[PDB]
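All remarks here apply to the structure that follows.
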Amino acid sequence: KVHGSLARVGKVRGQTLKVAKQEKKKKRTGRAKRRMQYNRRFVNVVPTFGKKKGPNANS
Amino acid sequence: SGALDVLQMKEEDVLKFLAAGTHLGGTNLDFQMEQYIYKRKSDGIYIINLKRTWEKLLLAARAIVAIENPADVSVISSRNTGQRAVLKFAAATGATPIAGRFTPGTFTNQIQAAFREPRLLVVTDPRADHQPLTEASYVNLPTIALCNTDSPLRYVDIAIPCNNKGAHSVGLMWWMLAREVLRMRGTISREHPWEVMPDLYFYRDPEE
Amino acid sequence: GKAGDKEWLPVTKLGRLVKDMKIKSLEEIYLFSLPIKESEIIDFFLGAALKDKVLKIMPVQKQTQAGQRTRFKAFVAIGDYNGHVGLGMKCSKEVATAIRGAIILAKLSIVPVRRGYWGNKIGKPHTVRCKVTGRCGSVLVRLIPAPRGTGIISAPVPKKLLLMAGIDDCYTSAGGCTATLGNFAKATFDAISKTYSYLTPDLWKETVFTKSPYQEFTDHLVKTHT
Amino acid sequence: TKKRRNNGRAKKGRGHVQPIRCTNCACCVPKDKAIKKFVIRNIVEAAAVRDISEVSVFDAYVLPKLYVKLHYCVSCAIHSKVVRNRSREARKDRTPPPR
Amino acid sequence: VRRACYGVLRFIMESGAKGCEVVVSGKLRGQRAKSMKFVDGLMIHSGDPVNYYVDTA
Amino acid sequence: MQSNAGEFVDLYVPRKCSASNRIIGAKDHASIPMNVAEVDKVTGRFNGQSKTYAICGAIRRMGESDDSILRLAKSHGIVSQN
Amino acid sequence: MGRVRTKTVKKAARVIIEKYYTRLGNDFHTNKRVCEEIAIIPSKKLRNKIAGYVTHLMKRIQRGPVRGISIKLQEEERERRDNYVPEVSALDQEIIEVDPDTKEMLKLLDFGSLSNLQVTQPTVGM
Amino acid sequence: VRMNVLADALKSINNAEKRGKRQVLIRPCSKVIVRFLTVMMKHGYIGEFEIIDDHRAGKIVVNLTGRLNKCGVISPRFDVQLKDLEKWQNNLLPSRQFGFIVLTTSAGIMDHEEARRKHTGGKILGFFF
Amino acid sequence: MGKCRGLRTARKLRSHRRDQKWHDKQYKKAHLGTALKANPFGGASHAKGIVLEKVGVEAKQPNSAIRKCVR
RNA sequence: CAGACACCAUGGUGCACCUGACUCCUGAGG
RNA sequence: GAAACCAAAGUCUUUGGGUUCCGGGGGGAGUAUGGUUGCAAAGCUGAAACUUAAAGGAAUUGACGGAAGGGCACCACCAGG
RNA sequence: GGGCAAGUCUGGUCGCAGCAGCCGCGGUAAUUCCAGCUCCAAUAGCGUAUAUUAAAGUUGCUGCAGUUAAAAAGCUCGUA
């Protein structure tokens, strides 16, 4: 409405803490990474296994 | 055409026509039947032109001919007066007969308790056989029909002027049709008229 | 595992002629302008290179006497990439059933779409010969031919239909309601079919008409009935 | 949209009309946008008449009728079932119940 | 759910049945309950012959 | 529908009409012709060789067709009592 | 009031009547036994309702064919009876009064006949 | 009353053609109507016409054919300098392979193909295809 | 449709379109300069100010939260 | 048709939910 | 034509006979303000801030009516216990 | 989460903190939050605010709508 009183702030962040996995490997740079996506998806393992499936899907 | 003198009519027909009360028509003005009319009787009623009735009947008959199986022309009447009429036609010519109720869907309906395969429909009044007339134009079938001056002309290809309601009018036209198709292709042959009388057709006529 | 099957049941002259191979293509049937009431005819002449795209799976409903009721309405489009396409709508109790029926309906309705050129005349048709418009519910889609290498410039739903149609190059403008998708596909379907309905001066030259396959094959098609 | 084509009875080819009144509800309503009802009825009805015909002497005369031209307004005419609700298809007919 | 139901339903019908029905009831998708009927053929619920003619599990 | 000097584009060539000069398109309903048998004349008895007229959806729904067929048939012959 | 016949009874009755016409009587008791011979009916109450309706039908039937049901032999008999000849067609009817325009129809077909003239009290038929 | 005469004639033919009707009575009859009909006739879009002569203004009976799909009128007329002809032709005709835009040029009422060769523009009357 | 289209009617079309343009809400607010006068953006894109006070705002339904704004 | 025709106000809420691939697999033989 | 409807609300993407008038989401509002006409009551011209993703039309299906024709039951009434 | 490309994620919270152009999430088994992990898109660039343009036939010259959705002056004469 209009009100005036702040109450609670950063409540969720006050009990969630971050952590890190570091690296086995670097996250790839430019041209090499762009090429890598096309090879990893298609020329491998030429696709014949599975269907209707995402790159991060649990379906 | 055919052998040719009796296909320009003859007195025998003109007597049968007058007797059966073909000649009288409706009192509704026309725009599609108008050409056919000979002259108008005083204070309404149209006198159909027997010359026109002939030519159309022959063109109709000819279309049934050039089919080597006469079964795939469905003769249709739902009128009482023409139930006996079509039954005799089917015996004679070899038509597949539909007397009494049509029962909707026999040229339509994949799942049905009856199906008929025609190629040409002959109708006795398309305002009583309206169900076949509508059904036929959903499945690409030509329809000849016996039409007066107040019958629908939509989805009718070839009309035959005639009263074609009640009495001996419906009977006689079935008799003359059967006679005509048998001339070209039958066993009357040589374009000369039938030895069967029109009285075998007509209505039942209440039996004493 | 699972495997399909096929069976032929004729109730009409046309089914018998197709299986006997006195008709070798749908084009003959289309020319004579006779209905197709058997899916098997389309399957027999083609049955390969037929892609079925479900355009939407959207549910609708009506209120029953006690609480709600709901059902699935499916739109399926079918077509080869050689100038033949169909559209079929079916509504059934479940999603799967609605699509299954829709496919059968889509096949049955298959219609030729004429393919022409922008201005060219050599190297085989890439578009349409005439601009064709179709309306559905106040949506109007206008297809305009486009030259080679332009590609299909259309919204996703009409573009898919055009692709199957064999129109690889097209300009479109659609006006009206854009929220409605069943209408949009239907209007494009009206437009593509209209190409045959246009009379071009290249199509003026006249013909002596069919004597009907029913009449000519009459004797052949006595099997137990004509 | 129009729920009655003639609006309860038309007034076309006429630019205005005078109002009539109701004969039992007295309320102003147009004359040809309201129900008009002829009432022809015997003077001695179906009631009185049975003893009036037997008791009469020196008489030979067929019974008089009372003639009154009633006018009803819409709200009263629906209510007491002079007219009553009907199908929307049936509305397109000008054909009324026979007398 | 639908794949499992269709396969079993189709197999039981194929064996020879006048008809059959499979119902899956309970919760799905969190906190709402649902039922589905996957039916084929003829089924009755009429009088005493139901007990005789139909086997249930 | 030709392209170039007379290359064939096209899926098929449709039927035409002469009762209104309008094509029968593409799978349409109420589109059928009408084979009238010829008779050889003089000795009677049907000999071939059909006269065919093409009837379109349009004419039939506008209730023209009856008159049209007669005009078409008469103009090219032949029926007795013309 | 209650226990009006159901479809199951009537269908069976039509069946039986057509194909066993000569065997069937008009008496409940004998017909009940005939229904055991010519059919398998899994209840006596059902068989009784069938048998019962079949007697009622036979009674109506033996006055000629009746509504909603026909027997093949009776259909043949009616067919043969109707050979009826009500004209022979023209009577002859030659040279009688005809309408003045029907007259010109005969006239220009090389006949003519006597014909009606004059109009008095139109509208005609009124 | 009539502020264009082309527009009435063109509609009249099209409405006849829809029916299958093979006659019209167009009027008031003018020089431009005659000229438009002849060019139209030559390409086969309509059949032959016959001008009946009266001292009113004349009346023409056109026997038409269904080889036409639409004869439109560009009312009010616009100037065309042979570099708006191209714009019109893509816009309002279904292809560049057929159909004519018919204009009036100082070298006569002519189809736009002939106009292009002459390189004489003028005022656009209408089109057909 | 409903417009004039003679051979001299340029002036009438030119002015009629201009007159009707003003009706539209999106057009009018911007062209009358209303947007600048009422709201501080329109004629600027970013703007810096001094904080007057910190406000808690007990957000109007739907959605139950304290939104929390500054003035 | 052509007997009688009366006061009566107020009141709240959520989850209806979306994909195709026939085995009890027979399991002496196979 | 979205339909209801409609021989015009037809001859509109195949878009164009002539001319005129009015509208540009819904509310604020025919309100504010200035002018004008009126003796008066009133009439005409006619804003904004702000508010908000629905306001609205039509048809469809349900539910409900102290709207109209109906039926059926001692969980309803009747006659009564 | 949808439009929208890519989580029927794992922990944490539980109509709280926040998210949210818009539609809407979060009231305990949150695929919208807060972190982590994974994946996507563009890639030495990318996000954001704002003016304007396109899409928009939502200003309709080309090319609008006005029976009922926003919209024919009460009606006629009549000069520009």
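As you go down the protein sequences, you meet chains V, f, c, k, g, b, e, a and Q in turn. First residue of the first sequence? That's 75 in the authors' numbering, and the numbers climb one at a time after it. First residue of the second sequence? That's 2 in the authors' numbering, and the numbers climb one at a time after it. First residue of the third sequence? That's 38 in the authors' numbering, and the numbers climb one at a time after it. First residue of the fourth sequence? That's 2 in the authors' numbering, and the numbers climb one at a time after it. First residue of the fifth sequence? That's 115 in the authors' numbering, and the numbers climb one at a time after it. First residue of the sixth sequence? That's 1 in the authors' numbering, and the numbers climb one at a time after it. First residue of the seventh sequence? That's 1 in the authors' numbering, and the numbers climb one at a time after it. First residue of the eighth sequence? That's 2 in the authors' numbering, and the numbers climb one at a time after it. First residue of the ninth sequence? That's 1 in the authors' numbering, and the numbers climb one at a time after it. Quick reminder that beta carbons are idealized off the backbone N, C-alpha and C, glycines included.
Can you confirm whether residue 55 (chain Q), when its beta carbon is compared against all beta carbons of chain V, has any partner nearer than 8 Å? yes
Test: residue 240 (chain c) CB closer than 8 Å to a CB of chain a: no
Please confirm whether residue 68 (chain c) has its beta-carbon closer than 8 Å to some beta-carbon of chain b. yes
Taking C-beta to C-beta, are residue 148 (chain f) and residue 137 (chain f) nearer than 8 Å? no
Listed by chain order, chain c residues near residue 132 (chain a) by CB distance under 7 Å: Since the first residue of chain a shown is 2 and the last is 130, residue 132 (chain a) is not available in this structure.
Residue from g:130, g:136 and g:143 whose Cα sits closest to the Cα of residue 122 (chain g): g:136
Under the three-state reduction of DSSP, which class applies to residue 78 (chain e): helix, strand or coil? helix
Are residue 7 (chain f) and residue 51 (chain f) close, meaning C-beta to C-beta below 8 Å? no
With 16 other CB atoms within 10 Å as the buried threshold, where does residue 19 (chain b) fall? buried
Proximal residues to residue 47 (chain c) (C-beta, below 8 Å), its chain only, five neighbours per side dropped: 53, 56 and 75
Does residue 45 (chain a) get closer than 8 Å to chain b when you measure Cβ to Cβ? no
Range of the contiguous alpha helix (DSSP H) that encloses residue 69 (chain b): 65 to 76
Exposure label - residue 165 (chain g); buried when at least 16 CB within 10 Å: exposed
Using the three-state DSSP reduction, which class does residue 101 (chain e) fall into: helix, strand or coil? coil
Residue 108 (chain V) to residue 102 (chain a) span [Cα, whole Å]: 54 Å
Answer yes or no: does any C-beta atom of chain b fall closer than 8 Å to that of residue 254 (chain c)? no
Contact set for residue 40 (chain Q): own chain, Cβ-Cβ below 7 Å, skip 5 residues either direction: 47
Chain f contacts from the region 64 to 90 of chain e (Cβ-Cβ distance under 7 Å): 81, 82, 84, 85, 86, 87, 88, 89 and 90
Using alpha carbons as the reference points, say which of f:26, f:154 and f:65 lies closest to residue 35 (chain b). f:65
How should residue 244 (chain f) be labelled, buried or exposed, when 16 other C-beta atoms within 10 angstroms of its C-beta is the threshold for buried? It is not possible to answer for residue 244 (chain f), since the shown part of chain f is limited to 2 through 209.
At 3 residues or longer, and completely inside the region 18 to 57 of chain k: list those beta strand (DSSP E) runs for me, N to C. 36 to 43
Would you call residue 123 (chain V) buried or exposed, if buried means 16 or more other Cβ atoms sit within 10 Å of its Cβ? exposed
From residue 39 (chain k) to residue 73 (chain k), what does the alpha carbon distance come to, in whole angstroms? 11 Å
Answer with yes or no whether the minimum CB distance from residue 182 (chain c) to chain b is below 8 Å. no
From residue 65 (chain Q) to residue 84 (chain V), what does the alpha carbon distance come to, in whole angstroms? 14 Å
Give the single residue among c:85, c:208 and c:161 whose Cα lies nearest to the Cα of residue 2 (chain b). c:161
Terminal residues of the continuous beta strand (DSSP E) containing residue 23 (chain e)? Element bounds for residue 23 (chain e): n/a, residue is neither H nor E.
Are the beta-carbon atoms belonging to residue 50 (chain e) and residue 88 (chain e) less than 8 Å from one another? no
Residue 1 (chain a) lies in the alpha helix (DSSP H); which residues open and close that run? It is not possible to answer for residue 1 (chain a), since the shown part of chain a is limited to 2 through 130.
Cβ-based contacts, 7 Å cut-off: residues of the region 61 to 74 of chain b near chain f: 61, 63, 65, 66, 67, 69 and 73
Do you know how far the Cα of residue 145 (chain f) is from the Cα of residue 130 (chain f)? 12 Å
Any C-beta of chain c sitting closer than 8 Å to the C-beta of residue 15 (chain a)? no
So, is the C-beta of residue 116 (chain g) closer than 8 Å to a C-beta in chain c? yes
Check each candidate in a:27, a:19 and a:74 and name the one with the smallest Cα separation from residue 105 (chain a). a:74
At 8 Å on the CB atoms, spell out the chain f contacts of residue 251 (chain c), in chain order. 73 and 120
Select from f:167, f:40 and f:104 the residue whose C-alpha is nearest the C-alpha of residue 80 (chain f). f:167
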